[PDB]
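Trainee:
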Amino acid sequence: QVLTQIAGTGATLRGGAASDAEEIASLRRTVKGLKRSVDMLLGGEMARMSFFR
Amino acid sequence: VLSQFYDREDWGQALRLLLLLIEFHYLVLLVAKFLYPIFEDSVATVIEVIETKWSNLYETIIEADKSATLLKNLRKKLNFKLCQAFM
């Protein structure tokens, strides 16, 4: 949410849009990927780490 | 049974039951039924030993309890394994 807020504010800055548009889009992807991994661990994959897949 | 009437206690009782089953078909079925009704590493080990260990009277008892068995048992074991993995 912080990244969505920063990107929006960056798009309406006085003098022209912010240059970090794709830099923030990348960070969004990384954050989602981490929330995915953390969500899988929290959801049961952490109690099944010593088990064969 | 007394322990059952009275979480850790329940686990201890289940362990005792598994131990009794190991020492000893009908008994095994009753145990499986109890496990299903209830539905960590030691517990998993026990479940495994039971699966490894795994006639008409037994089938009748199973039918009375329901009121196929092997499949239900396997399903329960899978569920337990999943639970252990989540933990």
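Chains as they are written, first to last, in the deposited numbering: chain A6, 1364 to 1416; chain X4, 629 to 634, 638 to 655, 661 to 675, 685 to 699, 707 to 719, 725 to 744. In this text, a Cβ means the ideal position worked out from N, Cα and C, and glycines have one as well.
1. Name the chain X4 residues that come within less than 7 Å of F1415 (chain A6), Cβ to Cβ?
2. Quick check on the DSSP output: the alpha helix (DSSP H) that includes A1410 (chain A6) runs from which residue to which?
3. Hey, could you find the ends of the alpha helix (DSSP H) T1372 (chain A6) is sitting in?
4. Within a Cβ cutoff of 6 Å, which residues of the same chain sit near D717 (chain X4), ignoring the five residues on either side of it in sequence?
5. For the alpha helix (DSSP H) containing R1416 (chain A6), list its first residue and its last residue.
6. Indicate whether at least one CB of chain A6 lies closer than 8 Å to the CB of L651 (chain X4).
7. Using a C-beta to C-beta distance shorter than 9 Å, which residues of chain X4 count as neighbours of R1411 (chain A6)?
8. What three-state label does DSSP hand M744 (chain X4) in the structure shown?
9. Run through DSSP, which three-state label would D641 (chain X4) get?
10. Count Cβ pairs between the segment 685-697 of chain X4 and the segment 1366-1373 of chain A6 that sit closer than 8 Å; are there 3 or more?
11. Which of the three DSSP states, helix, strand or coil, is assigned to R732 (chain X4)?
12. For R647 (chain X4), which three-state DSSP category applies?
13. For the alpha helix (DSSP H) that contains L1390 (chain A6), what are its first and last residues?
14. For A725 (chain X4), name the three-state secondary structure that DSSP assigns.
Mentor: Per the coordinate set shown:
1. Working through the first sequence from its first residue, we reach residue 1415 (chain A6) at position 52. Within chain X4, no residue comes near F1415 (chain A6); the closest Cβ sits about 11 Å away, beyond 7 Å.
2. In the first sequence, residue 1410 (chain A6) corresponds to position 47, counting from 1. Neither: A1410 (chain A6) is in no alpha helix (DSSP H) and is coded neither H nor E.
3. Translated into the one-based positions of the first sequence, residue 1372 (chain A6) becomes position 9. DSSP places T1372 (chain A6) inside the alpha helix (DSSP H), whose first and last residues are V1365 to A1374.
4. Looking up residue 717 (chain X4) in the second sequence gives position 65. Same-chain partners within the cutoff: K669.
5. If you number the first sequence from 1, residue 1416 (chain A6) lands on position 53. Following the DSSP letters along the chain, one finds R1416 (chain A6) in no alpha helix (DSSP H), marked with neither H nor E.
6. Taking the second sequence and counting its residues from 1, the one referred to as residue 651 (chain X4) is at position 20. So, not an interface residue.
7. In the first sequence, the residue the question calls residue 1411 (chain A6) occupies position 48. The contacting residues are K738, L739, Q741, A742, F743 and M744.
8. Position 87 of the second sequence, counted from the first residue, corresponds to residue 744 (chain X4). Three-state DSSP puts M744 (chain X4) in coil, outside helix and strand.
9. Sequence index remark: in the second sequence, residue 641 (chain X4) carries index 10 (1-based). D641 (chain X4) falls in the helix class under three-state DSSP.
10. no
11. Here residue 732 (chain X4) is taken as the residue at index 75 of the second sequence, counted from 1. In this structure, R732 (chain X4) counts as helix in the three-state DSSP scheme.
12. Taking the first residue of the second sequence as position 1, residue 647 (chain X4) is located at position 16. Three-state DSSP puts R647 (chain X4) in a helix.
13. In the first sequence, residue 1390 (chain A6) corresponds to position 27, counting from 1. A1384 to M1403 is the span of the alpha helix (DSSP H), which, as asked, contains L1390 (chain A6).
14. Here residue 725 (chain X4) corresponds to residue number 68 of the second sequence, with the count starting at 1. Three-state result, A725 (chain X4): coil.
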